[PDB]
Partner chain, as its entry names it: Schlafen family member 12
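Here's a solo chain for you in structure tokens, the form solved without its partner chain.
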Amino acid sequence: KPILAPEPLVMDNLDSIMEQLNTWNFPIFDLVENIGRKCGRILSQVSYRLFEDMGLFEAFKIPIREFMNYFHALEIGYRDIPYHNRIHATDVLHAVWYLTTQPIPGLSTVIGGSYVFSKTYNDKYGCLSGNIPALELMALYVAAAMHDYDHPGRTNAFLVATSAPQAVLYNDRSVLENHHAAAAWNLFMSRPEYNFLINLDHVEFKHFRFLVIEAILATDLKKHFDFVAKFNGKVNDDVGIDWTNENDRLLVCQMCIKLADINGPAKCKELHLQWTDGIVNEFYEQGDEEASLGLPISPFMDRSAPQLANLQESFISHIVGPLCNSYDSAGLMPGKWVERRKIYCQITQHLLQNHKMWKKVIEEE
């Protein structure tokens, strides 16, 4: 049972691709090809680099062996399925790191907590890492790594409709997300070889665990409109986001992991088209099982009647679009001032270009 990290913990021949981590369109499929498909090390190698970039090993006296042991066991428990795999976990962790470390035009630093900064971070700009304490940031990064742990390649709706043992176990409520959090935490506690949090006190550890669970459970898209309405409520109230309020910080971390989780349509066309391929291939596996069980095939999941452009157009218009508008309205989107100044925002620019590409595909069909 004690899966341990490969002998040379840090792989070391990957420097030329790893130095591109500080870009939004990090070429993650070129990293996969450089490491080796199913070498099972992409998540632990990127986790190492981003924890070191933030000085999180010093801040919490994290021993590197136990940390690499855990992140390797975690990445090994992600299945070989087309989308909800360790490559997606790596992508989401990169996205949360990018959203929390990169310059945000006109964001104020909380006047007055222990805070970490990226080595990449060097009046007119702030970053979330300057407003969210190191403990809470580390919880968000670990949540991103564990968020899809042991994903079966089926939706909550499918597990509930088929009375899958997991759906009965979790009373049909956030079935996958409860399982990811519970299975990742059970893995963590199963062996002292995994205990990278040994230097947190008991109060800190219980708070850390609470924050990780809240972040993973926030990735259930059945709650998507509830989180977005709650967040628009906090932004448009008397004081706006209050960075000294622990519940306001939690809600920002949850919006951050939610955006990170569905970042694909807001990447360059090349990345977005590869992730689109991944999710529709996982849907077709589900559509095949639905047919074999005599259920009707869910919309967009029938390989012999694809509606790929309709899926991505409506995903962008109903889910990704409103989440980005809400996050941008809070003033939390990384961007650059244009030389009542305007902001150039790469993330919304990509989402707009991808939306237009899918509408153009629809108008031909």
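Numbering follows the first chain given and starts at 1.
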Next on the checklist: In terms of residues present in the deposited sequence but not modelled, what lies between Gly112 and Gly113: none, 1 to 3, 4 to 9, or 10 or more?
Outcome noted: 1 to 3
Checklist entry - Averaging C-alpha B-factors over each stretch, which comes out higher, 297 to 305 or 314 to 322? => result 297 to 305
Checklist entry - Per the PDB record, is the mean Cα temperature factor higher over 343 to 351 or over 12 to 20? => result 12 to 20
Next on the checklist: Comparing recorded Cα B-factors across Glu282, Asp172, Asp238, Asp261, which one is largest?
Outcome noted: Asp238
Checklist entry - If you check the C-alpha B-factor for each of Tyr125, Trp185, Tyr98, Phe210 in the entry, which is highest? => result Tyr125
Next on the checklist: Among the modelled residues of this chain, does the Cα B factor of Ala167 put it in the lowest, middle or highest third?
Outcome noted: lowest
Checklist outcome for this item: Temperature factor at the Cα of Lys223, chain-ranked in thirds, falls in the lowest
Checklist outcome for this item: In terms of its chain's C-alpha B-factors, the third that includes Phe205 is the middle
Next on the checklist: Please say which third, lowest, middle or highest, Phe231 falls into when its CA temperature factor is compared across its chain.
Outcome noted: middle
Checklist entry - Relative to the other modelled residues in the chain, which third contains the C-alpha temperature factor of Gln102: lowest, middle or highest? => result middle
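In what follows, reference is made to the form deposited with its partner chain bound, a form of this protein that is not presented.
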Checklist entry - Might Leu293 be said to contact its partner chain in the deposited bound form, defining contact as any heavy atom within 4.5 Å? => result no
Checklist entry - Would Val228 count as a contact of its partner chain in the deposited bound form, using a 4.5 angstroms cut-off between non-hydrogen atoms? => result yes
Checklist entry - Would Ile3 sit within 4.5 Å of its partner chain in the deposited bound form, counting heavy atoms only? => result no
Checklist entry - Does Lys222 make contact with its partner chain in the deposited bound form, using a 4.5 Å heavy atom cut-off? => result yes
Item to check | Answer option from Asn195, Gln274, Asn199, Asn245, heavy atom within 4.5 Å of its partner chain in the deposited bound form | outcome: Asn245
Checklist outcome for this item: Assert contact residue (its partner chain, in the deposited bound form, non-hydrogen atom within 4.5 Å, options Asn281, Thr120, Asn232, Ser108) equals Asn232
Next on the checklist: For the three residues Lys269, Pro334 and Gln346, which mark the spot I'm curious about, does each lie within 4.5 Å of its partner chain in the deposited bound form through at least one heavy atom?
Outcome noted: no
Checklist outcome for this item: Exactly one listed stretch (29 to 37, 311 to 319, 44 to 52, 61 to 69) reaches within 4.5 angstroms of its partner chain in the deposited bound form by non-hydrogen atoms, and it is 311 to 319
Checklist entry - Within 342 to 365, which residues have a heavy atom closer than or equal to 4.5 Å from its partner chain in the deposited bound form? => result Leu351, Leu352, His355, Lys359, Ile362, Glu363
